[PDB]
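In the block that follows, a single chain appears as structure tokens, in the form deposited in one PDB entry.
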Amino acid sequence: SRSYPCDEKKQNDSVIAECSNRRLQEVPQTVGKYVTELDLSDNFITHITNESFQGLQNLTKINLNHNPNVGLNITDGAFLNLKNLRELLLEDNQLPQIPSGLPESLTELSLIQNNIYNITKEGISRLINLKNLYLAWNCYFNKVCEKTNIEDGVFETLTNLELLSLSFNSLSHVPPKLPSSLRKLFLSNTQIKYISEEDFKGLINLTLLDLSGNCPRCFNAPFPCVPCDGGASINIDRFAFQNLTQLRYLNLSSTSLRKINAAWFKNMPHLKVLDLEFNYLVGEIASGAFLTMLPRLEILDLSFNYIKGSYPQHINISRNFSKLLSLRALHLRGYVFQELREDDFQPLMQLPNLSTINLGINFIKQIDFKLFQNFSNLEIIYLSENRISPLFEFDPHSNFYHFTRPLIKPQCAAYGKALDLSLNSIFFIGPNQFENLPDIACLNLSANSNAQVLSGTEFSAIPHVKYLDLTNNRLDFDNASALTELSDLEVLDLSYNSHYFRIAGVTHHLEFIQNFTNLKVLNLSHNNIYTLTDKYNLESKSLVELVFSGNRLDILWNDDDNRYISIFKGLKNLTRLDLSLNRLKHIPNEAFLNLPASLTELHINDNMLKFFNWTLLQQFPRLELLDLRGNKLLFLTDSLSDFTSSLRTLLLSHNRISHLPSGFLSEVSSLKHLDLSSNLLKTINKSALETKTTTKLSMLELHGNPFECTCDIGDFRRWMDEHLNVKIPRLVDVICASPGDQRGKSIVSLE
């Protein structure tokens, strides 16, 4: 009754087996008969037939992707016996052709990343229930492939299709006879030079059109890239877009566009996001008669339109930018200019809804920051990666021309207005630096190569910063009053400042941490801190989370030094502590007891520990999570239930533990989750996990243990069938060691 090899979960009242990554040479027949969704993805299966999926009714979905992993042979009508399948995922299977005789029940089919160069009536036209069809990434780049032949009006018979992606195939022409029902159509990187009037003419329901990468701009492309003759523009008919009144999204990126016809937008009152990236638009950004046509546009991406070899003094913004009323975010990146002036952004200053200006990668030497205060709604000022001074490698399921991640880390932005100066040249903060800025909750100073001693006078122009990123500088903390002018400070990231800390002869002062009443999260990671000056303790009444990882506690806690024994005790509010990567061989008993007793979460993981005193857990009544992972530990206590009543989760994975003590799990009612994976365990005696009282443990991880496959594991196997509420994951990965006959075989298979 324990599901194998498939792990089974419950989602939306429904039933889904996860068989992915299971090294399956063939499709299991042991699948739960109730299963709605079957994921075979990333396996070794080389064959599909009519016997494979039998006995299975409610399956609406099959993921066959990535088989076999590092030549999938499918029989005609192998999938026909199943009338309930909507979604079918065949991606990355090295398929020569579309599989013949697919069920007509298919709403959604994914052929992405295959060898199919021929789209035929036989493979498609008989599926009338097709909603979304993905053919993308079959013929592209320098791959050896045939130009894609698309049989006349093959999609003509699909009256229900709202999504079609042919992107990254060799087409050269938009296929004739496209169904009216089309909503989203992806034509990107199809090598199409010409868009006629009659191509999209009959689609009135299109909400999205992707023409990107046709007549590409190939200079400095990090992919094989072939431009149109002379590197000319795509030729788009004056009337090509006239009958799309419903279009929300238009991706024109990398089309080599020098000038844009404003009459393309005549019929599109609803245009929302316009992607103009990777063209030559500097002239159009200077004048831009096409802007007056976009009153509803929310997002506009003009990024990377730079003229080759040019490094102008100022950016030139058309006054017509005042005509985009609903604009929210504006991306200008790789425009490459020297100096941003107050009067250059004038057209943007009256835009009511524009919260985001992306200026990244412009090589800007200087800005007057009083212009950002003359805007209305700005929540995000993204200046990252500039010169500002003081005073398959491509995911077919992702956007090709930019990253889809947030500009600012959501944790930071949630506090308020955001200013990202990261990856710049400001190595020193002058008294006047931040003057005339808005009220800044979130400030990113990361990677500014800042060597200064912070005296507490630096941020006084913007005292209300909640979240401060100082990461990856070389910071000299010689002053006890540092950063104290920020009274409302909550999150502080000091990570990767190790420059001065690692020099012993200089002075280091951390005392500033006590002065913060609201301080909550503090990152002190990877600072290589082995020594401090006159003050050996970190003390805060507010602080909650402290990440001390990547420092030397092996030195601080050295047996011959009593000075740092209390180092964390002064943090009385602290529920979370990260001691990882400190090279700890052991923790002196006196130093462990001096840990804050408020801790609910403690990570000592990824150290060298050969010893752990479990009796010391008596002093931590609030501790729900203990992370011991990635150590040398040989030793487990049998008395643990006498040591802690509070422990929900215990992670022991990747240790040297060879033996489970008799009465280990007994009488501890708290422990839900136990990670024993990747240990030295040969067997489990009957008396290890037996608990006379009530056992709340719902998860046990045994994978990676050298199990003796003899009759001695009968006690444990029996224990497994006796409790089915304990989930052991990766049951194909719990693998018998000895005897040599049973080596490689799962423990769940035995006489």
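C-alpha atoms forming the largest set that superposes within 1.5 Å between two forms make up the rigid core. One rule holds for the numbers: they count along the sequence shown, beginning at 1.
The same protein also has a form deposited in another entry, omitted here; what follows describes it.
Against the rigid core, a Cα displacement of 2 Å or more between this form and the one not shown applies to just one of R717, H47, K682, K696. Which? The only residue crossing the 2 Å threshold is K696.
After superposing the rigid core, is the C-alpha displacement of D488 2 Å or more between this form and the one not shown? No: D488 shifts by under 2 Å between this form and the one not shown.
With both forms fit on the core, is the shift of the CA atom of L133 between this form and the one not shown 2 Å or larger? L133 C-alpha, core-superposed: shift of less than 2 Å.
Once everything's superposed on the core, is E601 shifted 2 Å or more at the Cα between this form and the one not shown? After core superposition, the C-alpha of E601 moves less than 2 Å between this form and the one not shown.
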